[PDB]
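Enquirer: What follows is a protein structure lacking sequence information:
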Ligand SMILES: N#C/C=C/c1cc(Cl)cc(Oc2ccc(Cl)cc2OCCn2ccc(=O)[nH]c2=O)c1
């Protein structure tokens, strides 16, 4: 007998102040009991478990489905705390790739001898006329809180020396599996796989799939990868759960499939806490999902990663706060794809969203490939220059170049830094009564032009915005506007090109049509002439 | 040579903090570094029985192409028991900020000579991540005093006293302060003699950054001096004075606003009256005085606000309570940052933090004019400092930007 290398156990404790679990054993049928007795007999014969006495107060309930099923949930609660799937697009192309799934994974790894007493379970005797048979685990139980961590740590420990000795190959480990790969000849490769299996066998780990591999929702082929086929449930009644499922599947498909739009369907899920309800859909949503079924018609594949080639990312504006991206080292062949939706906000502009998308893609790319990709962006260099130079927040994009693929991201308007000479000067104000919701908004100018419009169902902020808007409507291509509103100025200084508010959008539309606009702020109630709160106070 | 027992606060569990993604080069750097440290017993690999984790990354200091290992100890530092020793919270050297010049050194190398308490080691656990989760991360724990920990200077403090003992008695012109892994040395000497003295101190430590605190100040509020004023000029002036009235008691704008009466074009020149000139004068005089009743409270938190002025210009204010400023300043510094806002911001945050360490002996809590995602993505690339401060994000543009310009 060639001596087996001992697997050193991991010391395990319970949570502080807690004791081991004690739970009464459930009554079982005679057949179940016989099956359990047989299974536990052969298991004890294999050394996986040991018979114990009355000296162990702890008990873990058991069922038979044969197959023994032990429920550790209470022990899991009283057990201590223990310490993202690999993406196919990150995998490097290899002439040979072997998959090894170790059998009896958890049962091949011993359990800390002091913790074994807490794993104790009992098989009920027939007709409850005899004391139940007592057992405890000498190895990692299936369904125990600490099994996977201990198992993978042990596996890594065992794998370390072989990997150091074999630089010409690469070994990835996910949970219960090893995925090995090399660019060597198939004979040498298979030989080294045999050697690895021998090395694992040395520690008492038993090991035996060929391409295409079906793994974690993906499909892996030697030269390419894709996602397992997506099935979109078809029903005349769409529930909340069905929309969560559908959104999940569409998000999942969006990594390989370009152009997936989840916005409408996700918008339908706002503030819904429920399961079964029938929710209708707008023509936007229907056309969206139909176009999704259109994109899912002819399947597409992603390729693998080549470190010798530049990593490139390209972004397109999809409209309505939606953005889409592709990552590739070569034309027409994508490593992967994706999408970005704008954050929830009252106001916004294209440049900010583009920036956020760039950050997202950057982080994701650092996760997957360990580097930042070069960007191709639908924005001119001058536009970005103007934007970042004149923006109050600090902002940055990594190395990038302009690609012209309309719609292009642009700056729709720019406020002057100094008062305009020759331009009419509009002093604006608005005010509202809190209880009656009655208000007035208007302006007076230096040329004698004046307006006051009465308004119902409004507030102060809305009357200030309305005042500014009135000034924009009634003025020429170049205008100076004086406001006391910190709210309005705070909105405009954020430079939105779009808003939830219709009033703000009207203001934006007005600014777009203007050659020059200078917006100036003054304190309210300071007796600054031309600034009239008295016209709107009535 | 003997570990001093260290515990945590009353009911605080050790840090569990997610490791953020790292670039391939930084990962390799950390692998080489941690291998060398593993050979030297500084750190040791650990198993799954350790739930705790603290973030880690790699930086590059000034004038060096060699990677340094930076651990983010903020969570551990706040969860670490408040450290009081026989030193009893050694009083901050208030003479350090009054000194002509101050030089900063990295003494962290010493910390690795002192063993760490065995029970506390489990709290220093960190993870070296792998690209694309292909292999499980490499986890270590510190056997010795880790750099970046607040307990390290506190523990090594006695040794540091015994080591610096000869140097301090030799010249009693020199203020010596210690914060984290950095050692600050004040002097009234001349830069050449200062550097020779620095070399002397360094080789004095061997046997066992240039700043100028006197060249800063507390910035006064300034008002324009013009021969002719437009309506816009006066409107801005009134806005600024009205703002400053939250700061100083007797600022009065009525005679200046009196000029603005009637509705006039913004570019029209308005001659100043006698009352208005007198009012502007009295306002200047008021602004020349310091701020009434401004004190530093060691128990409270320091708040630092930063505004982007454009063209490499940044302004900042360090305060405790609103409109009482402990310090204010401007940062124009240009080194290789001209095309990058975030790098500028990062350097500014570092400089402000350093100033705050010199003056109050503690880092402030920043409010940054940047979106969270941008900062969180790019800040580690530009960070040259062994410590890290706290920060938050202001997403609403301040109206008060120009008033500090
Ligand atoms: N189930 C399962 C496997 C899942 C699985 C999971 C992961 Cl994280 C990796 C994996 O295979 C690889 C393992 C090791 C290397 Cl260096 C590259 C690989 O390239 C993968 C690319 N590839 C894929 C298949 C093939 O034949 N050739 C090839 O180059 C397989």
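Expert: Ah, there it is. Numbers count the residues shown, from 1 in each chain, chains lettered A, B, ... in the order given.
Enquirer: contacting residues around the residue of the stretch 301-405 of chain B found nearest the ligand?
Expert: When scored by C-beta to the nearest ligand atom, the stretch 301-405 of chain B has residue B:377 as its residue closest to the ligand, at 25.5 Å. Heads up, the C-betas are built off the backbone N, CA and C, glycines and all. Going by C-beta atoms under 8 Å, 6 or more residues apart in numbering or on different chains, residue B:377 touches A:359, A:362, A:363.
Enquirer: contacting residues around the first one?
Expert: Contact analysis of residue A:359 by C-beta under 8 Å, 6+ apart lists B:373, B:374, B:377.
Enquirer: Please compute how far the one helix or strand it maps to lies from its chain's middle.
Expert: Element membership for residue A:359, per DSSP states H and E: helix A:350-369. Remark: helix A:350-369 is offset 13 Å from the chain centroid, using C-alpha atoms, centre = their mean, to the nearest Å.
Enquirer: how about the helices of chain B, start to end?
Expert: B:24-39, B:74-79, B:151-170, B:191-206, B:231-244, B:254-257, B:274-288, B:341-360, B:372-382 (DSSP state H).
Enquirer: my read: residue A:469 touches residue A:509, true?
Expert: No. Counting by C-beta atoms under 8 Å, residue A:469 does not reach residue A:509; the two are 9.6 Å apart.
Enquirer: Could you check which of these two has the larger neighbour count?
Expert: residue A:469 (20 against 13; other C-beta atoms under 10 Å in any protein chain shown).
Enquirer: Which residues of the stretch 301-405 of chain B lie near chain A?
Expert: B:307-308, B:310, B:340-345, B:368-371, B:373-375, B:377-378, B:396-399, B:401 (C-beta under 8 Å from any C-beta of the partner chain).
Enquirer: what number of residues lie near the closest residue to residue B:356 other than its chain neighbours?
Expert: Nearest non-adjacent residue to residue B:356, counting by C-beta to C-beta, 6 or more residues apart in numbering or on different chains: residue B:364, 4.9 Å away. The tally of other residues near residue B:364 (other C-beta under 10 Å) stands at 26.
Enquirer: Could I get the contacting residues of residue B:364?
Expert: Counted by C-beta under 8 Å, 6+ apart, residue B:364 has contacts B:301, B:302, B:303, B:304, B:318, B:352, B:353, B:356, B:389.
Enquirer: how about the first one, what does it touch?
Expert: When contacts are counted by C-beta under 8 Å, 6+ apart, residue B:301 touches B:320, B:364, B:365.
Enquirer: In strands only, show me those residues.
Expert: Using DSSP state E, the members of the contacts of residue B:301 that fall in strands are residue B:365.
Enquirer: tell me, which of the contacts of residue B:301 make contact with the ligand?
Expert: Counting by C-beta under 6 Å from any ligand atom, nothing from those sits close to the ligand.
Enquirer: Which single one of the contacts of residue B:301 is nearest to residue A:135?
Expert: residue B:365 (56.8 Å; C-beta to C-beta).
Enquirer: before we move on, back to that, could you give me the PyMOL syntax to select whichever of the residues of the stretch 301-405 of chain B next to chain A are buried?
Expert: To isolate the buried ones among these in PyMOL, judged by 16 or more other C-beta atoms under 10 Å in any protein chain shown, type:
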select buried, chain B and resi 307+308+340+341+342+343+344+345+368+369+370+371+373+374+375+377+378+397+398+401
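Enquirer: what residues go with each domain of the chain?
Expert: As the question left the chain open, I've gone with chain A. Taking curated CATH domains as the reference, chain A has its domains at A:1-83+A:107-147, A:84-106+A:148-211, A:212-305, A:306-412, A:413-538.
Enquirer: Wait, chain B was what I had in mind.
Expert: B:5-94+B:120-160, B:95-119+B:161-210, B:211-296, B:297-405.
Enquirer: is the second one up against chain A anywhere?
Expert: No. For a cut-off given as C-beta under 8 Å from any C-beta, domain B:95-119+B:161-210 has no contacts with chain A; the smallest distance is 13.5 Å.
Enquirer: cool, and the longest one?
Expert: Yes. Applying C-beta under 8 Å from any C-beta, one finds that domain B:5-94+B:120-160 is in contact with chain A at B:21-24, B:27, B:47-51, B:53, B:131-136, B:139.
Enquirer: Can I have the buried ones of these as a ChimeraX selection?
Expert: Of those, the buried ones go into a single ChimeraX selection, burial set by 16+ other C-beta under 10 Å:
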select /B:21,22,23,27,47,48,49,50,51,53,131,132,133,134,135,136,139
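Enquirer: ok, now which residue in chain B is the farthest from the centroid?
Expert: In chain B, residue B:262 marks the outermost C-alpha relative to the chain mean, sitting 49.0 Å out by C-alpha atoms, centre = their mean.
Enquirer: Look up how far residue B:232 lies from that one.
Expert: 15 Å (C-beta to C-beta, to the nearest Å).
Enquirer: And residue B:401, by the same measure?
Expert: In terms of C-beta to C-beta, residue B:401 sits 17 Å off from residue B:232.
Enquirer: With residue A:344 instead?
Expert: Distance from residue A:344 to residue B:232, by C-beta to C-beta: 38 Å.
Enquirer: what about the two, which has more around it?
Expert: The neighbour count for residue A:344 versus residue B:232, taken as other C-beta under 10 Å, is higher for residue B:232 (22 against 8).
Enquirer: who touches that one in this structure?
Expert: Counting by C-beta under 8 Å, 6+ apart, residue B:232 has contacts A:418, A:419, A:520, B:266, B:267.
Enquirer: Identify the residue nearest the second one in space, chain neighbours excluded?
Expert: Put plainly, it is residue A:419. Closest to residue A:419 by C-beta to C-beta, 6+ apart is residue B:266, at 3.8 Å.
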